[PDB]
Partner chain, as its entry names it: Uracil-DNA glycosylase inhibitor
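Just one chain follows, in the form solved without the partner chain, and it is written as structure tokens.
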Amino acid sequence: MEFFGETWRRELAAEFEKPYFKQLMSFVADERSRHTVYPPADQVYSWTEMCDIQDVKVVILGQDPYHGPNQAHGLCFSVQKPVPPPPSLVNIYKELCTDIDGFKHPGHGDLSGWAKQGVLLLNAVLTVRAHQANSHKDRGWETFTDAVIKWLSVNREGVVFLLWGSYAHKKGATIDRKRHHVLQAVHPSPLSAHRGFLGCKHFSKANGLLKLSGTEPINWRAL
């Protein structure tokens, strides 16, 4: 309750009283009493604590949280120090190394530095049962995160959405292309990264779009 950013809590307030949200909360509570669920309860909404909703400049969508011990901490693609960057993040860093001048691999996979600058690192599904990918899909989270994307689409303007993978492309269909910028590419996973992600240069393009909208670019190196 206290681990949920105030501006976000206010703008997303309508969701908390909806039937799907109540059922989702009931489900997750049940799961946490019977199994180990990631990320910890107090980090499920970390993405709402790094910056205000009005200051979001870029949005990156993920699927569900990493399901390994000590990995997930509320930000998509990010892992808690000193956990090593998972395969997808390795490719994200690889693209950054060639796309952003002066970018250097930070040696860890904690993306908090980006979130603090206004990069929303949103997983479509916010919890996962330990060791079981997609174990919490189709339980209500997708609707809640759709609400987040919709709020930004309707209430903000000039936000850059980086959609990686078919799943993110579909989820991003709700985004108003007339009010925001949408960049798409295949997923950074080693299974698909070589078919378009590597070379997509979304990070420099994103900053180009921000400058255009009279907004300060993201310092992708600040990790």
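Numbering follows the first chain given and starts at 1.
Heads up, the form solved in complex with the partner chain isn't pictured, but that's what we're talking about next.
### Task
Spot the stretch among 99-107, 112-120, 129-137, 146-154 with residues whose non-hydrogen atoms come within 4.5 Å of the partner chain in the bound PDB entry.
Contact-bearing stretch, as computed: 129-137.
### Message
Residue-level question: is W47 within 4.5 Å of the partner chain in the bound PDB entry, judged on heavy atoms?
### Response
Taking the distances in the bound PDB entry, the answer for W47 is no, it never comes within 4.5 Å of the partner chain.
### Message
How about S166 - does it come within 4.5 Å of the partner chain in the bound PDB entry, if we only consider non-hydrogen atoms?
### Response
Yes, contact at 4.5 Å.
### Query
Is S189 close enough to touch the partner chain in the bound PDB entry, meaning at least one heavy atom pair within 4.5 Å?
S189: yes, in contact with the partner chain in the bound PDB entry.
### Task
Answer for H180 alone: is it within 4.5 Å of the partner chain in the bound PDB entry, judged on heavy atom distances?
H180: no, not in contact with the partner chain in the bound PDB entry.
### Query
Taking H67, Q71 and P85 as the candidate spot, are all three within 4.5 angstroms of the partner chain in the bound PDB entry by heavy atoms?
Heavy-atom distance to the partner chain in the bound PDB entry: all three under 4.5 Å.
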